[PDB]
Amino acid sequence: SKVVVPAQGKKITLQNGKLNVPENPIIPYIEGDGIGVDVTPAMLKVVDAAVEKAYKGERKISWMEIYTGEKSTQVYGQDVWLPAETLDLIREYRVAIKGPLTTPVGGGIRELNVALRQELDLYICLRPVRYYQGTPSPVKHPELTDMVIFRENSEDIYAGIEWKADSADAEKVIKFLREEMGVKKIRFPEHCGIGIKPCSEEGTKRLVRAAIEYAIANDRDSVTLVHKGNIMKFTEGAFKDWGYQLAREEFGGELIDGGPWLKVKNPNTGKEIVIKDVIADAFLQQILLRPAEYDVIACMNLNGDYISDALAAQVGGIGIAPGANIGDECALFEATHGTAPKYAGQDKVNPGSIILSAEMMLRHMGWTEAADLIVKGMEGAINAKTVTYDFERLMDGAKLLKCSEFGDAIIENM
């Protein structure tokens, strides 16, 4: 209704589990708030150059701007932060990419990134972190890290089922918990905010299934379920049990003797994938001390949020960390950083995150060659020390480029 759908261009189609991508697909993009106005132009220019170079003119993307966050209120009116048509258009065109969003405070509105993932049921948050050679790192051996995070997006404490201290509602659930449930373990029942943490079997088995399938399809060495189940037995503990169960029941998992770890034989390479588990807090230490020991990671919402943020900081990739939200009907690729309002419009921040999320998009669409050209450009720009301010500060001998220019460095290294 305020989106202009492209005259040339054809919708991607879902023909039962498989995307059928036209040569001129319409891809919806949300520019983003803040520095989105800087990074999104740079991504449109490098994805274009990459599909121009890979398919020699045969394919072209028809970008269609859709609206969410702050820009959605300048186009549809001050009150609408998430238009209902954005959810239909992402549903309909199947794959979309987006910049960073601003959620307002003061108006009772919940975190718009999380609202997109729950409203479209994009239950997989997929976060790949690997080291790009030559990026400044705080650790000794960033190159030992190469992990793929499968974070459950639809449940956990992150669902935002909670009530305010001294509200009638909070009072009412605390009364129910103490009188009807007999909970004698709330230290201070007065002035007490209450959060609900759900974990279901359908919720963990659809995420863990997507994680093992990723490991078979890409011959990864292992799947680690990380959880905090020694303390949260019936949610985090339930997640680890349901994940091991699904590996035995659907993938023919077998004990590496005495257990608890399982072997899954890859039906294609013949190799064995170890299914193992480690407690979340010891895991946060393990990724620093022994990163080469881990590979595909499956976890719940909150843990996945922390794991991905920590891992991305150790490889120097806070501003180049890619991400996707995948459900059964559509996928939403995204810049994983914030809107950084100070720098907005100055053309200086790293467009690295949204560009590498675009390579994940291209790859997901089957346009592997275009996708490969973007990570070739990336490795080359970085190695050329021809870099944006956030990497140049920490580097000796770098050439400082604006955000737009780093886009052009990616195209020149293609």
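All residue numbers refer to positions in the sequence shown, first residue = 1.
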| request: Would you mind comparing 13-21 and 399-407 for me and telling me which has the higher average C-alpha temperature factor in the entry? | output: 13-21
| task | Would you tell me which stretch averages the higher CA B-factor in the PDB entry, 355-363 or 382-390? | result | 382-390
| query | Say you rank 327, 317, 323, 160 by Cα B-factor from the PDB entry; which sits at the top? | reply | 160
| Among 214, 81, 294, 123 - the residue whose C-alpha B-factor is largest in the record | 81
| field | residue 109, C-alpha B-factor rank within chain (lowest, middle or highest third) | value | highest
| By its CA B factor, does residue 346 count among the lowest, middle or highest third of the modelled residues in the chain? | highest
| Compared with the other modelled residues in the chain, in which third is the CA B-factor of residue 286? | middle
| field | Where the record places residue 241 (Cα B-factor, split into thirds across the chain) | value | middle
| field | CA B-factor placement of residue 249, once the chain's modelled residues are sorted into thirds | value | highest
